[PDB]
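Taking it in order: structure first as structure tokens, then the write-up.
Since every read-out is calculated from the coordinates, none of them should be taken as a lab result. Cβ atoms come from the backbone with ideal geometry, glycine included; neighbour counts cover every protein chain shown.
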Amino acid sequence: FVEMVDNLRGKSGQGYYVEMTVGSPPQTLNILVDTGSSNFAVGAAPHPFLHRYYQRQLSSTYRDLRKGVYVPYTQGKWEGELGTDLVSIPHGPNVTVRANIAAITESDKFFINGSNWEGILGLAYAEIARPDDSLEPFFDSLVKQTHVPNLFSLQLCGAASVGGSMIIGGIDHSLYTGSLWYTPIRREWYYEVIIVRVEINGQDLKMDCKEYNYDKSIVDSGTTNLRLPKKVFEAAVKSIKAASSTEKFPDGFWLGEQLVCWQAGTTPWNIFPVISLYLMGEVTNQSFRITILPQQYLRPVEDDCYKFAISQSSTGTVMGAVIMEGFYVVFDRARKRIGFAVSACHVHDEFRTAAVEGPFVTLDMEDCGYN
Ligand SMILES: CC(C)(C)C#Cc1ccccc1-c1ccc2nc(N)ccc2c1
């Protein structure tokens, strides 16, 4: 799939975007790739932050669904009107499809000042599509209307100015080394998965594994951070603090409430512990583990100061860029599973490496799930 290689651009950490065209004739827009939601939504109005936006008036293939949609978030919101039109991906498969489109017409704290993207492509499932599950997500429509296989894979490389690849409909074996290992998708809403064991420097966090997936663990390209439920984060940072005692740091840094700065060229990564997540394997009692380095979780902000890219959540575990930038991630929707392999472009020093190792024995994996 050379056509699709390197078809993602972005800034740290404003997320990854792919080029898309909408309407007849094609209107080109940068759209953020987001496996954490299910709406295909674009700016339709001249907000000051946007470089461009959907002009429905120019498109003869536009159909009004006469239905509004309101998406509130933690603070801030986006609001738009629903429609269908002809969507294509110039650096993707060679097809045009008719998809639902939310024309954004009011937002707060949604678009980023300085970013280069004008909408969002929700790659996840219908159950979490706003307003409700009848609003068929983009990917369900591609697969329903063409011969494109029901899967996609993501390689997000870790560096303003980041890049990557979204392979629609297949796997490019040149993008990863070693072997894929698959975790089943627990439920088709988000890409929800079960984490069965957490290590830091290969030392167990020894928590009831139900806590790791409370109320949810998901794989999510739209989130920058590794987000852990509070207990888990508490125990994880407590463990990281310990493992990294060669140098001390203010108590606010670990809450991500300030930055931490060193001289150019002088960062000591070895003070810092590898983080291992074990994920439910394909077979009963079988698991595998993924392993990230500090280069993934200590991420430089350029305005050398790094931010601690692991934070707490009440929404569950979120395996954001921090995790995904180490691995080639296959979203195998056809077989209800997600595959991980060591990415060919992942940021690594000469000592260590991101790893996908298996198999391991883990009992009661299904009990780590929340009900
Ligand atoms: C992508 C940013 C974080 C800039 C946003 C936003 C936003 C604003 C108002 C209403 C909804 C959202 C929104 C939309 C999609 C999302 N996807 C995710 N994976 C995580 C969070 C998301 C939040």
Distance violations [Cα-Cα > 28 Å] among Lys11/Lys144; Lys230/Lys307; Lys109/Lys230; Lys144/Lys336; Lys109/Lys210: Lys11/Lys144; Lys109/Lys210
Quick one: if you stick a label point 7 Å off each Cα along the C-beta vector at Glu282 and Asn150, how many nm between them? 1.8 nm
Which percent of Cα pairs goes in each bin when the distances of the stretch 203-277 are cut into 10 angstrom slices starting at zero? 14, 44, 33, 8, 0
Around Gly178 (Cβ within 14 Å, Cβ-to-Cβ, excluding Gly178; K/R +1, D/E -1) the net charge comes to 0
Part-to-part distance (alpha-carbon centres) for the stretch 129-190 and the stretch 78-116, which is given in Å: 17 Å
Amide proton proximity set for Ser221, modelled H, under 5 Å, gap of 5+: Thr35, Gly36
Between the stretch 343-368 and the stretch 259-310, what's the alpha-carbon centroid distance in Å? 12 Å
Ordered by residue, what ³J(HN,Hα) values in Hz, to whole numbers, does the stretch 64-78 give under the Karplus form 6.51 cos²θ - 1.76 cosθ + 1.60, where θ = phi - 60° and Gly and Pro are x? 7, 8, 6, 8, x, 9, 10, 10, x, 10, 3, 8, x, 6, 10
For a quick protection proxy, order the peptides 194-206, 25-37 by their average other-Cβ count within 10 Å, most packed first. 25-37, 194-206
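Please state, rounded to one decimal and in Å, the Kirkwood hydrodynamic radius that the stretch 16-148 gives when every pair of distinct Cα atoms enters the mean of 1/r.
In the stretch 16-148 this quantity evaluates to 14.7 Å.
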³J(HN,Hα), Karplus 6.51/-1.76/1.60, whole Hz, each residue of the stretch 123-132, x for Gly, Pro: 9, 8, 9, 4, 4, 10, 6, 8, x, 7
Using the Karplus equation 6.51 cos²θ - 1.76 cosθ + 1.60 (θ = phi - 60°), what ³J(HN,Hα) coupling, rounded to whole Hz, does each residue of the stretch 242-247 give in order, writing x for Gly and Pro? 3, 4, 10, 9, 4, 10
What are the semi-axes of the equivalent ellipsoid for the chain, taken as the square roots of 5 times the Cα gyration tensor eigenvalues, largest first, in whole Å? 34, 23, 20
